[PDB]
Structures are given as structure tokens and as C-alpha cells.
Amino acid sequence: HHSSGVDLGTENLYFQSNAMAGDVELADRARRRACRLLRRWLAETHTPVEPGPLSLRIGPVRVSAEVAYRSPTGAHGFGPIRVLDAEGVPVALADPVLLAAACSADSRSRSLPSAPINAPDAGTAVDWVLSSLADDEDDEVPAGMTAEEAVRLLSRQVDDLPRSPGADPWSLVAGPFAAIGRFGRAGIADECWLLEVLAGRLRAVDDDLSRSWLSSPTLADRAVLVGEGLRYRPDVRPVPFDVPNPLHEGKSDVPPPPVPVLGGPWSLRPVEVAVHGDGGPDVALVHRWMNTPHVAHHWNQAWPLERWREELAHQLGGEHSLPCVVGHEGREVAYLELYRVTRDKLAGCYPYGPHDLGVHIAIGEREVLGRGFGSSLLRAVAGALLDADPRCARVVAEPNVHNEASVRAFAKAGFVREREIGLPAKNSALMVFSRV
């Protein structure tokens, strides 16, 4: 009767409808995976998240979703994750493997070509995700759970952290904190309150690990999408990285960046923003420098003049960043930002000491310079900062691993490349100039 299809009876419709029943749950399962990946991408890239629209370039795709619930531990709750074309039209929903592809494309690109993540036998997060679709579905948190019972689970879990000398430091983030986020995202309890409770369970035992977890400004977590050392042989061989420690004070009495005094051919002074008019010649110099191509290619801050005026005034009015004009034998040639790490984005990336100072650098008169200037200046600045503040342990910097002139200039000046770090727009070599 039918040649291009099957002849239909009610029994056939019954069979197919009991199959299409479960598709709804299959839909939710993909949503949860994609939500997990995005949480990781944001965590491993130290991308700031706040409620409302989140908009994000990840590899080759514009990505956008509503942050319905912002989580203190990073367990954000998302609206539909959508893919956008160049002008904001949604073109797709971000399925788990679509994200795994965008992130793998983005990550492999963030790291250097010679990195392990880019070895031919290395595999990709796509392989990892594809391989795990049949894996066991973790129980989501029962919506009716009581905060009382939530604390009971957390206290029990906290007390089961390895009383062991060689024990995993990511245990705290991967065990208890993960639970806290699932509790908050489920609407079961406020995560700050749960964290406060966990601090209490940690204070009760003065174990070495317990006390450091209360005192360190960062904690160990494990990355699965961002990091030069990643492999996905079949599954992921994750790599450790530092995330902010929520159990640790949010401001301190650390004074602003000092104004160092440099040796040799170098002069240094803070920028001055005139309150009258368009800002003055210092604002003009930075604006001009920051819009030249060789600078803008790395800083990506080729803004209009008034935007730079407010930035410099903004920095100068605070305790974070100190913008400076550097001169070489009387000619003004470079711009610096010297900043307190404890108030910078870098503070969530490595175990900083309270007085750490960092530097951003741009040589603006590159129309003539690239002749040993940067490394000599960088060296002077580091020793000069260590002289200005004897409670500072390190001067640090975050050049893009691809910014090969900056990285080499930093190391010629005596910085040591400790590790790669994932930042929102780039992966950076954490260069460290250490005291004595």
C-alpha cells in the first residue's frame, strides 16, 4: 500500500510516541552539559560574570545567554545559550558538542603552537565530550531539600576531606564548593551563608590544610578546557589552576602603588589629568600612543580621547593603578601602569602576596624604538619598585603568550615564566620578578 514509508496502525504510533516521550529529557540533558561547559569556560578564563546579559566571543562564534542566577562559587544559572551572527541575529542553540568545538577552537588558539594541547596526538575537548555522552547522569539536587539537611551534607562532606599530608588541594573546590553551588542554583540555600558555615567547619580543626584554606587568597581548581598542558587521550587529563578564594577578606589596608625613582637614562612621573578642558597633553600623548597600530594590536585600547581622559582620572583617583610617563634621555617614549595585584584581575589567578606590584608597558615611539629599550626599562622599574616598597615580594606581569616581544623583553629583564594563565581575552605568561 505504501512504498516510501511504513503502513500505519495505532500500534506503530504507540511505539513511536513512547520514544518521543523521553526526547524532552534528552533535551534537558544537553542543556545541562552545555551549562556545565560554559561554567568551566568562564571559570578557567577568569571571565567576570554578573546578572543579566552575558555576551561572549568563543573561538569562531558569538555566544550569548542571560545570567539568571549569578553564583558565588561559579555555578551560574543560565537562560538559553544562543549563537549569534556578526550583527546579533541568533542562528543556533549552543549544544554541548557545539560548545566543545568552539572552546577547543578558542583554547588551542589561546595557547602557543608548540604547546602540548596542540600536539598531533593530543586530542580535543570535542573527543572528550563525544566520548562521554553515554556516561552516568549525576543526580541533580532534590528541590525539596532543606537548608538544615544541606548543611548536614556539607558538614559531613567537609569532614571527609583527606586528613593526609599528600592530599589534593583542589579537593575543597571540587568537593564541598561544587555542592554549595548546586544547592544555591537549586534555590535551596544562600551560597554566602553556606560558605560561612563551611568556614566554621574549617576553623574547628587546625589541620595545616584546613588553616591554609582559610587564609590563602586563592584555591586550587582543575581546568579541563583552558591550559597548554591539557590532553584528551580518550578522556581529559586535567591541569591545575588558581581561582579566587571566597573564604578570604575582600579589601585590605594595602596602600596605592608607590611612585618609584628609576636609575640610568630613565625618568618616570605620574600622568596629570587637567580638570579643565579636554585633559591636557598627558591625556593626549596616551591617547595618541594607544591608537597607533603597534600598541593597539596588543592593548586593544584604541579609544577616543575622552574615554582615555576618564580612565586616567579614574586610575589616579584610586588605590589600584598608577599610570606613568617614562622618558629616555629627555624624550618621552613609554607609558606604564603600575598596579596593586590585590585590586587587579591578576589576584584571582595566582597565590599573590598582599603587596605584589605589577606592570603594563607600551613603547609609543616605536616609530623609532625596539632596540633594547623595553628590557632595560622593565629591569629598572622592577628593582625600583622593590626599593620603593620593602613589603612587596614580587613584581609581576601578564603578557600574552603570543606577544613574543613582550615576553622576551620581560625575561631579559630578569622575570621568570612560572606558568601560563587563562585570562578573559588571552592566555598569558605569568612573568615574575622576585625579591632578593
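A residue's number is simply how far along the shown sequence it sits, counting from 1.
Taking the mean C-alpha B-factor of each stretch as recorded, 92 to 100 and 230 to 238 are not equal, and the higher mean is that of 230 to 238. The PDB entry records a higher mean C-alpha B factor for 193 to 201 than for its counterpart among 193 to 201 and 69 to 77. For the set 356, 106, 337, 159, the PDB entry puts the maximum C-alpha B factor at 159. When the Cα B-factors of 183, 308, 352, 128 are read from the PDB record, 308 comes out highest. For residue 13, the recorded CA B-factor ranks within the middle third of the chain. Only modelled residues enter the ranking. Among all modelled residues in this chain, the alpha-carbon of residue 436 has a temperature factor (C-alpha) in the highest third. Ranked within its chain, residue 262 lands in the middle third, by CA B factor from the PDB record. Annotation for residue 251: C-alpha temperature factor in the highest third relative to the rest of the modelled chain, per the entry. Sort the chain's modelled residues by C-alpha temperature factor and residue 178 lands in the middle third, per the entry.
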